[PDB]
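Asker: Just dropping this structure here.
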Amino acid sequence: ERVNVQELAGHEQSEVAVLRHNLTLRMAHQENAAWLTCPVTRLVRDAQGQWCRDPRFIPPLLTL
Amino acid sequence: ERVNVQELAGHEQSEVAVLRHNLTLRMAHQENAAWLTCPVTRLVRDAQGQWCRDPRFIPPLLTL
Amino acid sequence: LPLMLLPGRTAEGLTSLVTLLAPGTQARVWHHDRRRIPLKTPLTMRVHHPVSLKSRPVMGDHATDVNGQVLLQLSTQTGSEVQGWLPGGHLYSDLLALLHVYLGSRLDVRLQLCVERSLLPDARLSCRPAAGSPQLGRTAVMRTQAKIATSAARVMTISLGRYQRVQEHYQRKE
Amino acid sequence: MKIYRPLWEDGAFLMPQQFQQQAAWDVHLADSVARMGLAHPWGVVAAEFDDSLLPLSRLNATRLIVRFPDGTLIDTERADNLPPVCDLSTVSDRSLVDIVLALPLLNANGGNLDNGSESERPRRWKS
Amino acid sequence: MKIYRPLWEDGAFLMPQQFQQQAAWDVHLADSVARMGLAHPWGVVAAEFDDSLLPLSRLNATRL
Amino acid sequence: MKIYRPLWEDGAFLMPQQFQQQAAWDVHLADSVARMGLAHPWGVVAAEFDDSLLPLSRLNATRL
Amino acid sequence: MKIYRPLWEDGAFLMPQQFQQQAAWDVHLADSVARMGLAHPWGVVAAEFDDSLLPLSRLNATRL
């Protein structure tokens, strides 16, 4: 709430309420039965124990 | 026809009985004895077997 | 007097008020009816930039308020009393029995009547042409027998106003 | 603003709409004959004033014949009254003044200007 | 441009910024349903002129 | 035919002619996308009937 | 779940489930145009990340 939105006529602005989705991140080895799922990425731990990004991963694509 | 027409003095409307003319569209090559006619358009047939309208005719004009 | 001792009551006393005054006449009451106008003085459907409200006030340009304007029909079958309900006869009997005795400033009352066709003439001078708002009883020169119709309206039993004015002083600072 | 027109046949309850609608339809026929080779943002026939109170801040009109572009006529010798006196008390500079004869605009839900109630928009009125 | 999506609960009251942003969001869904009309930019489907005003060195369109 | 998109600004009354037109315009955008690709009058998607009453010569539809 | 086209009368009560049931129709309509040449449950465009927190067990998506 109280997002400052300017009216498009030349006047001042005011404060409306704006819908926001309650997005989050999950792990896909858990149980996601009351959610919607789209795969994003895959992380592999490097040999020094730190996490690195897998350069060979494809999401469900919409644009090449 | 019966509609509900508002009084122009600030009150509630009620039902009156108004008149509507019994108009109809007929073709020039039928019989047109009983009626009182005035022509409005001309239909031609197109190369693909479709109908279309000439822009060349003019009806009798009270206005341009 | 037995009816005028119960407080805040009732609708069924208006049946007694008619059957007393002229027998042969019956009464039915519809408790709510589709009343109309009161035209609100700001149109209020300007969509506002600085401050506006939603919660209850949602409408177009004219409002509708049901809440208190009951409908009353009468039904006679003796033609001597048909000419009693048209204004001048028994209409002055109800119009004073309501406004200060049984109802007062509780409500507003709409009247209506249903008879067979009419007994009503036409455009003669100064004062008795109008059968309320409508006119009939003059055109059937065709057929012998009856058709039932509603009769007319009568006015509401209302009393209101605004007086004029703006003010100059105030109550008390407590 | 639709212009209805009713039937009269074999006994019909005389309603106030059935005479107003007939009053409207023959006003509208007057203009359709009047267009027929004319222009019609129409105007003023006669306008005659009073110059006496111009040393004061008063000004009053004495005779006006005006035909408005919706087709309504004002014929101030017949069925219309002269307007009240204008006021010049709130004027700083005197070239500004351009007097224009007003008349409120009719809607399809209002009607006569019943005195006894206030409004932000005026109407024509039973006098 | 930060196209906001307005929110109607039981106390959402009326502002001009409610409706203008809502009209902008459905225009934005007209682009992202096009997967060929993004593969080439935006088109022209009818454009017809008059040449009679060319001796006057004027110009005016008919259909755009 | 004509389609009249309404202006939203800080004077106007709320009128039913606005909402009907803004609803009417968004069919026209949603149809102007389908004529980028396909070209058609529309068709069915599903039309399933009931073979019960048919010996009694009365026909009913289940989903259309 | 069904979607209802609201009837825009004049002189009645506005309720917030007219504004909601209006806008949920338009989103449903553009889904129907989208499923005419293309045939899948669509996905993700341009997922980007942040990597400075990867020594720890922390993530920051910055654009979806």
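Protein chains in written order, with the entry's author numbering: chain U, 128 to 191; chain X, 128 to 191; chain L, 184 to 357; chain Y, 1 to 127; chain Z, 1 to 64; chain R, 1 to 64; chain V, 1 to 64. Ideal Cβ positions, reconstructed from N, Cα and C, are used throughout, including at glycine.
Taking contact to mean at least 3 C-beta pairs separated by less than 8 Å, is the region 52-67 of chain Y in contact with the region 13-29 of chain Y?
Answerer: They do not touch, by the three-pair rule.
Asker: Are the CB atoms of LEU14(Z) and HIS231(L) nearer to each other than 8 Å?
Answerer: yes
Asker: Buried or exposed, going by whether 16 or more other CB atoms sit within 10 Å of the CB of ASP50(Y)?
Answerer: exposed
Asker: Am I right that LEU302(L) and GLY262(L) are in contact with their C-beta atoms under 8 Å? What's the rounded C-beta distance?
Answerer: 7 Å
Asker: Output the boundary residues of the beta strand (DSSP E) element that contains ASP75(Y).
Answerer: 73-75
Asker: Of the choices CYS86(Y), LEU38(Y), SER119(Y), whose alpha-carbon is the least far from that of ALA102(Y)?
Answerer: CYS86(Y)
Asker: At 8 Å on the CB atoms, spell out the chain U contacts of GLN18(Z), in chain order.
Answerer: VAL143
Asker: Quickly, what does DSSP pair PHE49(Y) with across the bridge? List them, please.
Answerer: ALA61(Y)
Asker: Is the region 286-301 of chain L touching the region 331-343 of chain L in the sense that three or more CB pairs, one from each, lie closer than 8 Å?
Answerer: yes
Asker: Find the nearest neighbour of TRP42(Z) within the set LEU38(R), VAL45(R), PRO41(R), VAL33(R), judged by alpha-carbon distance.
Answerer: Ranking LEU38(R), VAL45(R), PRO41(R), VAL33(R) by Cα distance to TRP42(Z) puts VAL33(R) first.
Asker: Does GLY110(Y) pass the burial test, meaning 16 or more other C-beta atoms within 10 Å, or should it be called exposed?
Answerer: The residue is buried, with at least 16 neighbouring Cβ atoms inside 10 Å.
Asker: Taking the continuous alpha helix (DSSP H) assigned at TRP25(Y), which residues delimit it?
Answerer: 17-35
Asker: Taking the Cβ atom as the reference point for each residue, do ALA108(Y) and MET36(Y) lie within a distance shorter than 8 Å?
Answerer: Cβ distance not < 8 Å, so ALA108(Y) and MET36(Y) don't count as in contact.
Asker: Return helix, strand or coil for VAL201(L), following the three-state DSSP convention.
Answerer: helix
Asker: At the 8 Å Cβ level, is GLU134(X) part of the contact set with chain L, yes or no?
Answerer: Judged by the 8 Å Cβ criterion, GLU134(X) is not in contact with chain L.
Asker: Is the region 173-187 of chain X close to the region 211-225 of chain L, with three or more CB pairs under 8 Å?
Answerer: no
Asker: Could you name the residues of chain Z that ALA23(V) contacts, counting a contact when the two beta carbons are closer than 7 Å?
Answerer: Within 7 Å Cβ-Cβ: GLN22.
Asker: Residue range of the alpha helix (DSSP H) that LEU278(L) falls in?
Answerer: Residues 274-280.
Asker: Note down, in chain order, every chain U residue with its Cβ under 8 Å from the Cβ of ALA12(Z).
Answerer: Near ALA12(Z) (Cβ distances below 8 Å), the residues of chain U are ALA144.
Asker: Would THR224(L) pass as a contact of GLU118(Y) if the rule is Cβ separation under 8 Å?
Answerer: yes
Asker: Can you name the residues of chain X whose CB is closer than 9 Å to the CB of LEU29(Y)?
Answerer: Correct list: empty, because the minimum Cβ distance to chain X is about 14 Å.
Asker: May I ask you to report which of helix, strand or coil DSSP gives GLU264(L)?
Answerer: helix
Asker: Note down, in chain order, each residue of its chain lying with its Cβ closer than 7 Å to the Cβ of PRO6(V), except the 5 sequence neighbours on either side.
Answerer: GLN18, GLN21, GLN22
Asker: Are there 16 or more other CB atoms within 10 angstroms of the CB of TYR4(V), so buried, or fewer, so exposed?
Answerer: Exposed: under 16 other Cβ atoms inside 10 Å.
Asker: Chain V partners of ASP26(R), CB-CB under 7 Å?
Answerer: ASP26
Asker: Is the beta carbon of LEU274(L) less than 8 Å from the beta carbon of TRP213(L)?
Answerer: no
Asker: Name the two residues that bound the continuous beta strand (DSSP E) containing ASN159(X).
Answerer: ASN159(X) -> no beta strand (DSSP E), and no H or E assigned at all.
Asker: Can you pull the DSSP bridge partners for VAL230(L)?
Answerer: Beta-bridge pairing links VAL230(L) to no other residue.
Asker: Applying a beta-carbon distance threshold of less than 7 Å, which residues of chain V neighbour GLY37(R)?
Answerer: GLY37
Asker: Between which two residues does the beta strand (DSSP E) carrying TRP178(X) extend?
Answerer: Where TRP178(X) is concerned, the enclosing beta strand (DSSP E) stretches over 178-180.
Asker: If you draw a straight line from the alpha carbon of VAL45(V) to that of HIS28(Z), how long is it in whole angstroms?
Answerer: Approximately 16 Å between the Cα atoms of the pair.
Asker: Can you pull the chain Z residues whose beta carbon is under 7 Å from the beta carbon of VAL130(U), in chain order?
Answerer: Correct list: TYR4.
Asker: In the DSSP output, which residue or residues are listed as bridge partners for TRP213(L)?
Answerer: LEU254(L)
Asker: Return no unless some Cβ of chain Z is closer than 8 Å to the Cβ of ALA61(V).
Answerer: no
Asker: Taking DSSP's pairing of strands, which residues face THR247(L) in a bridge?
Answerer: DSSP, once it has assigned bridges, lists no residue as partnering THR247(L).
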